[PDB]
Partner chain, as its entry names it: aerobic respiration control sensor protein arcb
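The chain below stands alone, shown as structure tokens; this is the form deposited without its partner chain.
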């Protein structure tokens, strides 16, 4: 992907955001903004310019699944890559994220390799 690709990292705790932001930096992506929940995330996405969303599941105001679903139903964001990074690992939830159109799913705690791997596969699709 283009190194100027703009990312939105959504989590209600800074730890995940820092980890993800730093791994993104290691891969060469510095254009990264953060949000603290689904609503906060939607306010920034509506501002436009975003090219990739990575977000937690358990968050107040609007969780990750609901965020994913609104993004997928929005004519201006419907194809936005949405990679879930969350501690949530129960099967019924994994299946739900998949049925709602999640672009990928990484379980917390995750290694640097796992994130780069998942990210790169989504990136390949963005190129075709």
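Superpose the two forms; the largest set of C-alphas matching within 1.5 Å is the rigid core. Residue numbers count along the first chain shown, from 1.
Using the rigid core as the fitting frame, the root mean square C-alpha deviation in 4 other deposited structures of this protein is greater for 115 to 123 than for the other of 115 to 123 and 5 to 13.
For the pair 89 to 97 and 68 to 76, greater average C-alpha departure from the shown form in 4 other deposited structures of this protein after core alignment is found in 89 to 97. Per the PDB record, of the two stretches 96 to 104 and 46 to 54, 46 to 54 carries the greater mean B-factor over its C-alpha atoms. When the C-alpha B-factors of 59, 76, 41, 84 are read from the PDB record, the largest value belongs to 76.
Annotation for residue 71: CA B-factor lies in the lowest third of the chain's modelled residues.
The deposited CA B-factor of residue 22 belongs to the middle third of values across its chain. When the modelled residues of the chain are ordered by their C-alpha B factor, residue 113 lands in the highest third.
Beyond what is shown, the protein has a form solved in complex with its partner chain; the following relates to that form.
Although the partner is absent here, residue 53 lies well away from its partner chain in the deposited complex, with no heavy atom inside 4.5 Å. Within 4.5 angstroms of its partner chain in the deposited complex, the stretch 1 to 37 places a non-hydrogen atom from each of 12, 13, 18, 36, 37, taken in sequence order.
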